[PDB]
Amino acid sequence: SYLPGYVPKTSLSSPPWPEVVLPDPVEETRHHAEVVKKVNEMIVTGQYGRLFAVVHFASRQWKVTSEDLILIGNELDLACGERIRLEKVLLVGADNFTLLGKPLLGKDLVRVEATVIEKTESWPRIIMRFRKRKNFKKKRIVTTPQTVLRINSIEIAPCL
Amino acid sequence: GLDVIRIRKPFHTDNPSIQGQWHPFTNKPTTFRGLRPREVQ
Amino acid sequence: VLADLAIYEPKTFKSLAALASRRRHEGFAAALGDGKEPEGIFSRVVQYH
Amino acid sequence: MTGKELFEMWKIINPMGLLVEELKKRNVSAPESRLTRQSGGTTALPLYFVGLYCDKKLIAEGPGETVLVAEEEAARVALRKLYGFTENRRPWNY
Amino acid sequence: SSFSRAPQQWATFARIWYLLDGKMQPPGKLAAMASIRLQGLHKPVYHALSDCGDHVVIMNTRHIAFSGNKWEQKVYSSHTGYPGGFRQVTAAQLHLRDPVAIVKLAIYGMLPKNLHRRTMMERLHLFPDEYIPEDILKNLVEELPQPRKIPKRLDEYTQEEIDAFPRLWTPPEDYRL
Amino acid sequence: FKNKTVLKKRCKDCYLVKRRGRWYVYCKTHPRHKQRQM
Amino acid sequence: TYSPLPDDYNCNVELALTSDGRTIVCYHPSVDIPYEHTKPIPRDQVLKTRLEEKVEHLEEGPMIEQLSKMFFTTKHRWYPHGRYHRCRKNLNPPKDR
RNA sequence: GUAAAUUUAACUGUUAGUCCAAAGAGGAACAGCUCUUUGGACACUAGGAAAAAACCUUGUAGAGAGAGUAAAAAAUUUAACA
Ligand SMILES: [Mg+2]
Ligand SMILES: [Zn+2]
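Residues numbered from 1 in each chain as written, not as in the entry; some residues may be left out. Chains lettered and ligands numbered in written order. Part of a larger assembly, values for the part shown. Heavy atoms only, no water.

- cryo-EM is the method the PDB entry states for this structure, with the resolution given as 3.1 Å.

- Named according to the PDB entry, chain D is Large ribosomal subunit protein mL44 originating from Homo sapiens.
- Under its PDB header, the title given for this structure is "Cryo-EM structure of the human 39S mitoribosome with 10uM Tigecycline".

- If you check the PDB entry, chain C appears there as Large ribosomal subunit protein bL20m from Homo sapiens.

In structure tokens, the structure reads:
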């Protein structure tokens, strides 16, 4: 007995993409709790090494690790050799697991530590404007201030 | 003391990868007995 | 940073691709259902105030 | 010491010999080299991933332009993993 | 990965010998995926100055298929520069003369128009039939999936799907047919 | 044949046939009625 | 029974969401190449075994076409360059990691 | 709603003009034609329409190895008649 809505199996009676069934919500939330608890006990025991992070800083996103260097294109009103905490951590990850913020991770969960090690200027940049047959010719030299930060440590805490 | 010249690549890490740098055979499945395509065995 | 993860962290990029594909399947399921089913685990939006 | 590799600081000659000695003294069967992955092979730019297996279980993998150098690199990777000098190890605490 | 620097670099930048089949495939789709693989645009480590191309071995190029009437419509035009060198051959005539010229020309068109195109075309390998030389066969890795689906003519439908497909109309009993 | 854009039957014996991608008026009894669409 | 991606080439990926729903926890242990998926490793009576040292000197055309056939390039890579480019080349390039 | 306007003082330079949309005039209800009027743009930047003055998008200036966008890719296949 054919259902009122049956189509015979032709080339395009059915969608080309395979049918995808999604798991039921209750079993999926239990599975999420199990996976989160597993990753949490990995964090507790310490089965990780050489964490990396994606950190929002100075309108850019830097993929930093420990013992790293980054060059910020502005002055940071800090003395040299000064230890600061980078906070807007978009991502932290290791081998075998990563943690993803929505869009930012918890400050209790992850810390990034950086150190102002250099306050410098950039090499001179030339701005020249030339429009022809109109005697239009203009030159300028700019030197953008810069700050070199060394990323010291990336630490995570068991809070999932 | 370093030169005020052009700095390529405004970041410097010595350990760029932790999960292993991509090679072509990353994200490629293995085959029974490692057979090449159209191997007569 | 997405290209950086693609080159140097293939497992983190695979996890991101799996998350994106799972969100796609949630979107297709919601559009197909068209009713008031549960919104999905990863289709939830964290609101800020 | 920060940015350098173990066999960049400590030069060795026979990583396969060191590996079989370590596995013998920690009571592990002798490793077997197998061709996990292979590209080219007849050309002037081949690619060989050789895997070192122990009791049918992978312990190391290594790339090379020839089979012998791939096997040597796999031995070095095995030594690294067994000794704790892996690239993704925990960084030094300052 | 804990590789040494030189083996790690070699493993990242090594070349792969992809395999591809003709046999009722459209040469434009063949040429699109072959062009991606020849440029190296399938690699996340791609850069135009990094020479990251791969070898592509296309076989059964004699059995390609054109959608529509392209076998008679499509014209390949060339000019031997002597006055009167203007030659225009249809796609049928070009396929009958050279079994690999159509796929070669399609890939040559889709490759970028710079000085790297000839190097990429040297890494391209085309064979009209099932025969491949032995060294290339021992080089091959990853037969790629075909773009088309080979629409499966009437006589190789098995009886199970034949009688699973329902009957749409009842004919009169006195019709000759 | 005569090249025409509009084809017109001039007899009761003329017939329109589409051959080699073009319409034709063929007449067996009056061969002057042969017309070729262009 | 559902996986967003096939789980047999890089890592066994499992996605999870924390109880507050504020962060996404990914677990991806690497996959290992199976032993059965691998392949086993490839393998004058009276005088010396005199070392077979012949080096035939090919002229430029044959040498370049042999190199081009070997490395799958064109001839233009193998043709030489002038003193202007040779002395413009930087012989002490900068080196990062 | 906004912040400019008039007057007073002192002068230069521009006063050989192009296309587009609209209302017209002359010519052939020709012209990358000529003549007025209203309005744009160009003679200043950038992105698009293939190249590109005049069409479309967009203007106020720098550094960035960040992000959201604007305009932005042509579709069509036709003749049986008792
Ligand atoms: Mg004019
Ligand atoms: Zn007639």
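Observations concerning the overall build of chain D
Then, in step 1: Assigned secondary structure in chain D consists of 3 helices and 3 strands.
Then, in step 2: When the helices and strands of chain D are placed in sequence order, the string is α-α-β-β-β-α.
Then, in step 3: On the principal axes, the C-alpha backbone points of chain D span a range of 50 × 30 × 25 Å.
Then, in step 4: Of all 94 residues assigned to chain D, the portion counted as buried reaches 46%.
Then, in step 5: If you take every contact in chain D between residues at least 6 apart in sequence, the share linking residues at least 24 apart comes to 32%. (Helix = DSSP H or I, 4+ residues; strand = E, 2+ residues; numbered from the N terminus. Buried < 20%, exposed > 50% of the residue type's maximum accessible area, 1.4 Å probe, protein only. Contact = heavy atoms within 4.5 Å.)

Side note on a nonpolar patch on the surface
Then, in step 1: Residues D:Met1, D:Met9, D:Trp10, D:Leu18, D:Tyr83, D:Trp92 and D:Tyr94 make up a contiguous nonpolar surface patch of about 820 Å² in total accessible area.
Then, in step 2: Relative to the assigned elements, D:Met1 resides in the segment before α1 (6–9). (Patch = residues over 30% accessible without salt bridge, like charges linked within 9 Å, V, L, I, M, F, W, Y side chains within 5 Å. Areas by Shrake-Rupley, 256 points an atom, 1.4 Å probe, with all protein chains shown as cover. Salt bridge = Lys/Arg side-chain N within 4 Å of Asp/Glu carboxyl O.)

A word on the packing of helix α2 (residues 15–25) of chain D against helix α3 (residues 67–83) of chain D
Residues and elements named next belong to chain D.
Then, in step 1: Look at α2 against α3: their axes get within 8 Å of each other, and the N-to-C directions meet at 40°. In terms of their interaxial angle, α2 and α3 are classed as oblique. Here α2 and α3 pass one another in a crossing that is left-handed. In this structure, α2 uses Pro-15, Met-16, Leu-18, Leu-19, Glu-22 and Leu-23 to contact α3, whose residues at the interface are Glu-71, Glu-72, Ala-75, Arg-76, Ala-78, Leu-79, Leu-82 and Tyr-83. (Axes fitted to C-alpha atoms, helices over the stretch in contact; angles between N-to-C directions. Parallel < 35°, antiparallel > 145°, perpendicular 65-115°, else oblique. Left-handed = near helix turned anticlockwise from the far one by under 90°.)

Brief notes about the nonpolar core
Then, in step 1: Ranked by internal contacts, the top residues of the largest apolar core, which has 50 residues, are D:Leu52, E:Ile58, E:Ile107 and E:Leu124.
Then, in step 2: In terms of residue count, α3(D) provides more of this core than any other element does, 7 residues in total.
Then, in step 3: Apart from residues lying up to four places away in sequence, D:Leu52 is in contact with D:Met16, D:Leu19, D:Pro31, D:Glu32, D:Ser33, D:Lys57, D:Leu58, D:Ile59, D:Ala60, D:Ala74, D:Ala75 and D:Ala78.
Then, in step 4: With 36 residues, the next largest nonpolar core counts A:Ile84, A:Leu109, A:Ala114 and G:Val25 among its residues. (Core = buried A, V, L, I, M, F, W, Y, C linked by side-chain atoms within 4.5 Å.)

Things to note about the coordination of the zinc ion (ligand 2)
Residues and elements named next belong to chain F.
Then, in step 1: Protein coordination at the zinc ion (ligand 2) comes from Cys-11 (SG), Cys-14 (SG), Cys-27 (SG) and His-33 (ND1), with a distance range of 2.1 to 2.3 Å.
Then, in step 2: Around the zinc ion (ligand 2) sit 4 donor atoms, and with donor-metal-donor angles ranging over 74 to 129° the site reads as irregular.
Then, in step 3: Considered as a linear motif, the donors of the zinc ion (ligand 2) on their single chain read C-x2-C-x12-C-x5-H. A single burial state applies to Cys-11 and to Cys-14, both of which are buried. (Donors = N, O, S within 2.8 Å, 3.2 Å for Na, K, Ca; no water. Tetrahedral: all angles 85-135°; square planar, octahedral: opposite > 155°, others 65-115°.)

Description of the sheet that holds strand β2 (residues 14–19) of chain F
All names here are of chain F.
Then, in step 1: As summarised here, the arrangement of the 4 strands in space is β1-β4-β3-β2, forming an open sheet in which the pairing is mixed. At either end of the open sheet lies a strand with only one pairing partner, and these are β1 (2–4) and β2. Averaged over all pairs of adjacent strands, the angle between strand axes in this sheet comes to 25°, irrespective of strand direction.
Then, in step 2: Where strand β3 (residues 22–27) and strand β4 (residues 35–37) come together, 2 bridges link them in antiparallel fashion. Looking across to β4, one finds that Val-25 is bridged to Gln-35. (Pairing = 2+ DSSP bridges.)

Side note on the interface of chain G and chain A
Then, in step 1: Residue-level contacts link 16 residues of chain G with 22 residues of chain A.
Then, in step 2: Regarding the contact of chain G and chain A, the summed buried area is about 1,500 Å², with carbon and sulfur atoms giving 68% of it.
Then, in step 3: The set of elements that each furnish at least two residues to the side of chain G that touches chain A consists of β1 (14–17) and β2 (23–28) of chain G.
Then, in step 4: Relative to β2(G), strand β6 (residues 96–101) of chain A is paired through 6 bridges, and the arrangement is antiparallel. Residue pairing for β2(G): A:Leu99 is matched across the bridge by G:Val25. (Buried area = accessible area lost by both parts, 1.4 Å probe.)

Focus: the protein's contact with RNA strand H
Then, in step 1: The local shell around RNA strand H holds 21 residues, among which A:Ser59, A:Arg60, A:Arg129, A:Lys134 and F:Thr5 are the closest.
Then, in step 2: Between RNA strand H and F:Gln37, the relevant distance is 3.5 Å, taken from a base nitrogen to a side-chain nitrogen or oxygen of the residue.
Then, in step 3: The set of elements that each furnish at least two residues to the surface near RNA strand H consists of β8 (125–131) and β9 (136–142) of chain A together with β2 of chain F.
Then, in step 4: Per-class residue counts for the surface near RNA strand H are 8 nonpolar, 4 polar and 9 charged. (Near = heavy atom within 4 Å. Polar contact = N/O pair within 3.5 Å; in protein donor to acceptor, adjacent residues only side chain to side chain. Nonpolar A, V, L, I, M, F, W, Y, C, P; charged D, E, K, R; others polar.)

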